Amino acid sequence: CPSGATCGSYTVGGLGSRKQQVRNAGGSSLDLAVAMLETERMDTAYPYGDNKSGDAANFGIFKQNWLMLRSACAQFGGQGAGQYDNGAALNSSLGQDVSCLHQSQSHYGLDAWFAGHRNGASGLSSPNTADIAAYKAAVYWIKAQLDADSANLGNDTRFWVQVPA
Ligand SMILES: [Cl-]
């Protein structure tokens, strides 16, 4: 486990089939790690926008925020913060979700992407915080578990890390 955190793994029914769908939609192991951290079932069943509005609203299985989406992704080009409900298109289309993730990561580079993903504009402007570093470490710990045994790319196991610890 990273730092002083608890971590572990448990079984989620149907998750292996879902992992395969994410991969077939273009998700890499890093993308799977992010998805695995963000929701239990790699879905969009969390509250709409993750109970946030505007630039802070989250959409899709990676919980991408509207600032990131409208700043980097062609389908949201030129849109303002108040148009955030348009990001809900990612809740219905896994292919668009992955496409947007890749556009955003390429636009910012991965290091900046982690910062903006975690903390929005504040994160992009101050990307080297301890909290952002903890988030990144959690994702890469999950990825290490996926990398260490390829069965984890298609089985029902969810790896988890308590990011606040
Ligand atoms: Cl994001």
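Each chain carries its own residue count, beginning from 1 and running in the order its sequence is written; this scheme need not agree with the entry numbering, and residues with no coordinates do not appear. Excluded from the side-chain calculations are hydrogens and water; all other atoms, namely the structure's heavy atoms, are used. Residues with missing side-chain atoms are left out of burial classes, side-chain pairs and their counts.

Structure determination for the deposited model, as stated in its record, used X-ray crystallography, and the stated resolution is 1.09 Å.

**Student:** Help me understand the state of the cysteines in this model?
**Tutor:** Note on terminology: disulfide describes a covalent bond linking the sulfur atoms of two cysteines. Two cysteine sulfur atoms form a disulfide, by the criterion used here, when they sit within 2.5 Å. Counted by the stated rule, this structure contains 1 disulfide. Paired through a disulfide, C1 and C7 show a sulfur-sulfur distance of 2.0 Å. Handedness here is read from the sign of the S-S torsion; for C1 and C7, about -90°, the answer is left-handed. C1 sits in the exposed class, given a relative accessible area of 57%. Of all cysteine sulfurs in the structure, the one in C100 sits closest to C73, which takes part in no disulfide; the separation is 3.7 Å. The exposure class of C73 is buried, given its relative accessible area of 2%. In this scheme, a residue with accessible area under 20% of its type's maximum is buried, one over 50% is exposed, and one in between is partly exposed, where area comes from a 1.4 Å probe on protein chains only.

**Student:** Can you walk me through the environment of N91 in this structure?
**Tutor:** By definition, any uninterrupted DSSP run of H or I lasting at least four residues is a helix, any uninterrupted run of E lasting at least two residues is a strand, and each is numbered from the N terminus. By the element assignment, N91 lies in helix α4 (residues 89-92). Put simply, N91 and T11 are 80 residues apart on the chain and 24 Å apart in space, counted from C-alpha to C-alpha. Filtering out sequence-adjacent residues up to four positions away, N91 remains in contact with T44, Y46, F59 and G60. Contacts were defined at the residue level, with two residues in contact if any of their heavy atoms lie within 4.5 Å.

**Student:** Would you mind going over the packing of helix α6 (residues 110-125) against helix α7 (residues 130-148) with me for this structure?
**Tutor:** What describes two packed helices is the angle between their axes and the distance between those same axes. To obtain an axis, a line is fitted to C-alpha atoms, over the contacting stretch when the element is a helix, and the angle between two such axes runs from 0 to 180 degrees between their N-to-C directions. Put simply, α6 and α7 touch, their axes get as near as 10 Å, and they point 135° apart. Relative to α7, the element α6 lies oblique. Between α6 and α7 the crossing geometry is right-handed. In this structure, α6 uses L110, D111, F114, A115, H117, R118 and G123 to contact α7, whose residues at the interface are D131, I132, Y135, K136, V139 and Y140. Partitioning the contact of α6 with α7 into residue classes produces 7 nonpolar, 2 polar and 4 charged. Here is the rule for angles: anything less than 35 degrees is roughly parallel, anything more than 145 is roughly antiparallel, 65 through 115 is roughly perpendicular, and the remaining ranges are oblique. Should the near helix be turned anticlockwise from the far one by less than a right angle, the crossing is left-handed, and should it be turned clockwise, the crossing is right-handed. Ten residues, namely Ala, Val, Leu, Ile, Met, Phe, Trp, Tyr, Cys and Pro, are considered nonpolar, four, namely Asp, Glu, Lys and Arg, are considered charged, and the remaining ones, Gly among them, are considered polar.

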